[PDB]
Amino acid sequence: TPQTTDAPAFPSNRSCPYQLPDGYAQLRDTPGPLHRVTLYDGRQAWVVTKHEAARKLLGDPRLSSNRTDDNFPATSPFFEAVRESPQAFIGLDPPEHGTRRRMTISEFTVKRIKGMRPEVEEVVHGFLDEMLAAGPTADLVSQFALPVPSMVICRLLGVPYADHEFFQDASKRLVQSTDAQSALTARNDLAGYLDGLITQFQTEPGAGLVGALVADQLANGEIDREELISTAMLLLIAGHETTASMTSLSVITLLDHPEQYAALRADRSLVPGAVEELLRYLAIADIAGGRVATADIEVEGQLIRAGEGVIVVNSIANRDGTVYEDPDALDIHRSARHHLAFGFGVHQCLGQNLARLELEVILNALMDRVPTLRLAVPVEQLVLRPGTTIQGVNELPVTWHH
């Protein structure tokens, strides 16, 4: 009995850190902007598998971001936790979405990211000093990839870095949770911590975004205390986990393309372009594109009906050969313009330029301070996270010149 299905199981896991899962390359190859998939609980949904339809759909207000909707395309138990938990603005639609997002934008402006560059370099070179002095081998993840953006986002938010063991652990448990209870637990841990910080700030105003939200919006009744907790938690978790994942994966990927990595070292003006290429190619938040239709939507002769789930899969859309010639080839010299690693439209990544600055600084610093960096293990021995979470590795053994 043939087992071929026209709604394959989704998501799928990467077998190579920088290549689409076999299932996804297949989805990519099927003509038409949309394909049926079967989600973990048996329910069916659409995935968007082409670049222009991804942009169009991400821009269509008929696709809601409400993750508490009964028909939201839950991809794992994490989403069961999401569905019964309070929502940050990532799960809101206009006009509510804008009123919350605009409370946070001031920290992420181009001018502000510019003026973070000296601070990001200090943090990066700080953790490099320590790692290089500490041993001849290291886990790049715990010793460098994670602490750097952790310290940077903590200062932006006004979250004390002194508490980093606690909130880094809770962030991991939440984002990488495989069951709903573990996710709810990690969320509750972070929420109680952030609640304490809020009270503290009400007594003694504090620095950072959390400090400003407490002194301004909360005091005016413009945000709920619970919403402020959700907002700070989103930025705190996004701020840690995304750039950390890009760092480890970029290192693995560049070391597998030595000719391009050498070109990069020889001409640092190539770094911003290389960062855009690595973003396109690694697409680490590739299912952070879930939606539910609130009205019927016609998509090139296919119909998304009201109440149906839609996942905009940006890793697949980033490998659209009609936009990126030889899409599965890493090319730090290509134009990776218009890529969807950060989404598109009203929910386009708030932190995108912070992430870009961090990755530029990091790559330049590794090339400068540790040009002999190499993996301490074969790529094959690394353990990749599953396709239900942010892509990456939890451990990355590295070594360098003895």
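Throughout, we count residues from 1 along the sequence that is shown.
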Check the entry's C-alpha temperature factors for 366-374 and 337-345, then say which stretch has the higher mean. 366-374
Comparing 91-99 with 195-203, where is the mean C-alpha B-factor higher? 195-203
Out of 162, 238, 153, 190, which one has a C-alpha B factor higher than all the others in the entry? 162
Selection from 354, 361, 27, 48 [criterion: highest C-alpha temperature factor in the record]: 27
Relative to the other modelled residues in the chain, which third contains the C-alpha temperature factor of residue 176: lowest, middle or highest? highest
Among the chain's modelled residues, which third holds the C-alpha B-factor of residue 281? lowest
Considering only modelled residues of the same chain, in which third does the CA B-factor of residue 31 rank: lowest, middle or highest? highest
The third of the chain into which the C-alpha temperature factor of residue 390 falls is the lowest
Quick one: classify residue 208 as lowest, middle or highest third of the chain based on its Cα B-factor. middle
